[PDB]
């Protein structure tokens, strides 16, 4: 499995999370409100967002990335994949994540 992250404006965040799960694109999404500060075209932006932390099979990462790009309201969406130590993780959990990612 791997973990992927995106930041979304708050309303879109909850809606898109639900859709990724309903479509079995991801097994689980954890949503955290965040304050994001970032550079964009010579401006410093300070925004209310929500972080989606998405748990998905390794094989399903491409499908997630494509669906995120279809749904994401931003011209340049965040999509960052974090490496999981699959051996050290609980094997029954990684299998669950694999099984729910259709």
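Residue numbers count along the first chain shown, from 1.
Per the PDB record, of the two stretches 31-39 and 69-77, 69-77 carries the greater mean B-factor over its C-alpha atoms. The mean Cα B-factor in the deposited entry runs higher for 41-49 than for the other of 41-49 and 54-62. Ranked within its chain, residue 1 lands in the middle third, by CA B factor from the PDB record. Ranked by C-alpha B-factor against the other modelled residues of its chain, residue 14 falls in the lowest third.
In this PDB entry, residue 82 carries a Cα temperature factor that places it within the lowest third of its chain's modelled residues. Placement of the Cα temperature factor of residue 25 within the chain: middle third of the modelled residues, per the deposited record.
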